[PDB]
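Colleague: Pasting a structure here, questions to come.
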Amino acid sequence: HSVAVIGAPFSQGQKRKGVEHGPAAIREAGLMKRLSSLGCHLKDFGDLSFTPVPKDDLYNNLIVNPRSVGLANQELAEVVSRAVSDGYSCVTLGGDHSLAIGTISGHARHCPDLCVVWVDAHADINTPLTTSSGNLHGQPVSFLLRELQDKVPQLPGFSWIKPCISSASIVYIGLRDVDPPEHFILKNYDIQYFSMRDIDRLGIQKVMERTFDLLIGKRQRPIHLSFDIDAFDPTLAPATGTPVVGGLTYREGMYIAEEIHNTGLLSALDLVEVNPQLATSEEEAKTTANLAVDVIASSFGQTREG
Ligand SMILES: N[C@@](CCCC[B-](O)(O)O)(C(=O)O)[C@H]1C[C@H]2CC[C@@H](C1)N2Cc1ccc(Cl)c(Cl)c1
Ligand SMILES: [Mn+2]
Ligand SMILES: [Mn+2]
């Protein structure tokens, strides 16, 4: 009944300017009214300002902004933890996907038995030793998964993080651009995923059925939905940093969100990677933002049948 909205204008998990304007873009697309109309009591935390870190040199000549991303996530986790502890379902607007380190950490701080539904073209599970880009937004899951920590070096600014997710407690949906070390990780740790190919075969209804059976088939658990807008086909969500052809249709995305709502267990949601500056037109920017609002609203009960 109660929803907290937090703007997290992270951009330092990656290298493209503009994703810090995602939260404003999503708000301007009418998020707050849409949620209110659904009966959500709202607490708006506004857009957070994160503490800068002087001299945040690369880590290992490769990983960018680790102290800045680490500290921003620590601060974000504090806000998320507080909101969830006060009884709010916590919606965080990104910002790049490295913020999931903070939202999931903060969420788990109040709800340790949470499970994660990760909707994304990408697995975001590179470690600092496997990333080819050095961009933390392609690594957040590696810092969160319990089974991987012997393979994850300690980054400056990251010491506060305690891995809070087990490999059996996250399911990916949407995957179509997975790096070879990520594929190894997913297979070696038996992490379950439904790639676009699996969706082509099963259909989104069976995908959602199987996802919930894996995560909440044995017991009810609070659900953390981490939704990267690039899960959608680039024709629908062009304003994003790493678009990949052959993504979710509009209807598939809504269906995912509807099924999330239908569990009655949604406890926190990330909507990340909307970058209005990468739109070639104001129309492309607005449609991406409108789509983000649609995902969030559907996750909190908007239906297509009244
Ligand atoms: N895994 C990425 C992309 C992460 C995107 C993060 B997000 O939050 O938007 O899902 C990364 O770690 O940076 C990949 C790196 C690389 C640049 C963009 C895309 C994805 N590329 C895949 C790729 C391409 C070429 C090579 Cl040689 C390799 Cl190893 C991997
Ligand atoms: Mn992605
Ligand atoms: Mn992502």
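So for chain A, numbering is Swiss-Prot's, and the shown residues are 24-329, in order.
Positions of Cβ are set from backbone N, Cα and C atoms, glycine also.
In case it's useful when we look at the structure, here is the feature table from Swiss-Prot:
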{"type": "BINDING", "residues": "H120, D143, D147, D251", "note": "Mn(2+) 1 binding site"}
{"type": "BINDING", "residues": "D143, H145, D251, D253", "note": "Mn(2+) 2 binding site"}
{"type": "BINDING", "residues": "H145, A146, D147, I148, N149, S156, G157, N158, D202, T265, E296", "note": "substrate binding site"}
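Give me the lay of the land around each of these features.
Modeller: Of all the Cβ atoms in the protein chains shown, 26 others lie within 10 Å of the Cβ of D147 (Mn(2+) 1 binding site).
Under the DSSP three-state reduction, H145 (Mn(2+) 2 binding site) is assigned to coil, being neither helix nor strand. Just so you know, the Cβ of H145 (Mn(2+) 2 binding site) picks up 25 other Cβ atoms within 10 Å once every protein chain is counted.
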Colleague: Look at each of the binding-site residues, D251, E296, and point out the one with the fewest other Cβ atoms around it within 10 Å.
Modeller: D251
Colleague: What does DSSP say about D202 (substrate binding site): helix, strand or coil?
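Modeller: Its secondary structure by DSSP: coil.
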Colleague: Just the number: how many Å between the Cα atoms of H145 (Mn(2+) 2 binding site) and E296 (substrate binding site)?
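Modeller: Pair distance, Cα basis, whole Å: 12 Å.
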Colleague: Pop the Cα-Cα gap between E296 (substrate binding site) and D143 (Mn(2+) 1 binding site) into the table, whole Å please.
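Modeller: Per the Cα atoms, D143 (Mn(2+) 1 binding site) and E296 (substrate binding site) stand 10 Å apart.
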Colleague: Out of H120, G157, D202, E296, the binding-site residues in the record, which is closest to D253 (Mn(2+) 2 binding site) when you go by Cα distance?
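Modeller: Closest by Cα: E296.
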Colleague: Given the Mn(2+) 2 site residues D143, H145, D251, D253, which other residues of that chain have a Cβ within 8 Å of the mean position of their Cβ atoms, reported in sequence order?
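Modeller: Other same-chain residues with Cβ inside the cutoff are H120, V142, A144, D147, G197, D200, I252, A254, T265, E296.
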Colleague: Which ones in the same chain are close to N149 (substrate binding site), with CB under 8 Å and 6+ residues apart in sequence?
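Modeller: Once residues fewer than 6 apart are set aside, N149 (substrate binding site) is near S155, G161, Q162, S165, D202, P204, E205.
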